[PDB]
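Reading through the C-alpha cells given below for one structure.
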Amino acid sequence: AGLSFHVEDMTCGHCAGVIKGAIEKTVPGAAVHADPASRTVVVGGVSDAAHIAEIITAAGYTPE
C-alpha cells in the first residue's frame, strides 16, 4: 500500500524503465513497480509524495 501515479506519457517499456531509474537514482532503497501497459507506476517508501511525483516528471514522462 504505497504510492500510485498514473502517467500519460507511459506507453511502452522505454518509459517505465527511465522512470524506475530516475526514482532509484534520486531515492536510495526505493522500490519501483512500473507498468507501461497499464500506464501506472507503483512506488514504495520514498520522499514526499509531491517530490517523487516531480522525480517521475523529471524522467520526462508525466501526465501533466
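Select, from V18, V27, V43, the only residue that is in contact with a strand residue (DSSP E or B) (Cβ under 6 Å, 6 or more places away or on another chain), in contact (Cβ under 8 Å) with a residue 24 or more places away in the chain, of a type in the set (A, V, I, L, M) and surrounded by 12 or more Cβ atoms within 10 Å (Cβ to Cβ).
It is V43.
Could you list all residues from segment 1-15 that are touching a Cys at 6+ places or on another chain (Cβ under 8 Å) and crowded, with 19+ Cβ neighbours inside 10 Å?
Within segment 1-15, just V7 meets the criteria.
Surrounded by fewer than 13 Cβ atoms within 10 Å (Cβ to Cβ) and of a type in the set (A, V, I, L, M, F, W, C): is that true of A53 in this structure?
Criteria not met by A53.
No Cβ is skipped: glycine too gets one built from the backbone with ideal geometry, and neighbour counts run over all protein chains shown. Bear in mind these aren't lab numbers, they're just calculated from the coordinates by the rules spelled out.
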